[PDB]
Every structure is written in structure tokens, then in C-alpha cells.
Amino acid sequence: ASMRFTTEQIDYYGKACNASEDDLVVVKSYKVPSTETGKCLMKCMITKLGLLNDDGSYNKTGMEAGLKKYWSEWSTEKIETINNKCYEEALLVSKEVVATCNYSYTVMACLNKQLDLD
């Protein structure tokens, strides 16, 4: 189990963020675009899902709700376990760090790591 989005999810949320075609192709290949806004597509996407607040910080309640909505095959216990761990790490991260486009990938990595610990 990982946090990867499906092709279709990427297409839909990518287009909701007005992705350029070239960037979109890259994101669908699970790589990070090198363009100024392409590298921020993941941030834009997960923010529309409510996983992050608008300042970029981790949204605890919004992460829980989004996990339940989009990964409903995971039990609420498993959702809460990985949420509780990642949230606590996110309390250590300042305003200037959460503002970076890379922070979204750091959050997804935390989740993926907690998923592998099962």
C-alpha cells in the first residue's frame, strides 16, 4: 500500500489545477516536473482534496477525511494510526517550510513510510 494516485485521479485533480499538458504527463509517470508550477502540482492537488491547509501545513482533520473518502478500503484504525504519526511530525515544520512545493512530497513520504511499517 502507498499513497499513489491513479492515472484518472491525477487527470481530474491536475486539470482542476489547470495543469500544463507536459507537466501532467510527468506527474502521471510519478516524477516531479522541473517547471515552476509543475513542481507545485502535487501541493495544488492535495490542497484541493483538503489534506493540507491553504498555507501548506498538514490538516489533521482534513487528512483523516480524505483518507476515509479516497482509500475507503483501509480500516479507520489504519487511517488513524498513520494520520496520528504524520500529524505529530508536521507540528515540527515551520511556515516557511510548509510553503514550499516540496513539503507535499515530504508529507506523502511520511504516510508511505507508515504504510510500510504494516
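We number the residues from 1 along the sequence you see.
Taking the recorded C-alpha temperature factors, which stretch has the higher mean, 27-35 or 55-63? It is 27-35 that shows the higher mean C-alpha B-factor.
Between 39-47 and 68-76 (mean CA B-factor, as deposited), the higher: Per the deposited B-factors, the answer is 68-76.
Select lowest, middle or highest to describe the third in which the CA B-factor of residue 109 falls within its chain in this entry. Its C-alpha B-factor belongs to the highest third of this chain's values.
Once the chain's modelled residues are ordered by C-alpha B factor and cut into thirds, is residue 102 in the lowest, middle or highest one? Within its chain, residue 102 is a middle-third residue by C-alpha B-factor, going by the deposited values.
Ranked against its chain, the third holding the CA B-factor of residue 6: Its C-alpha B-factor belongs to the lowest third of this chain's values.
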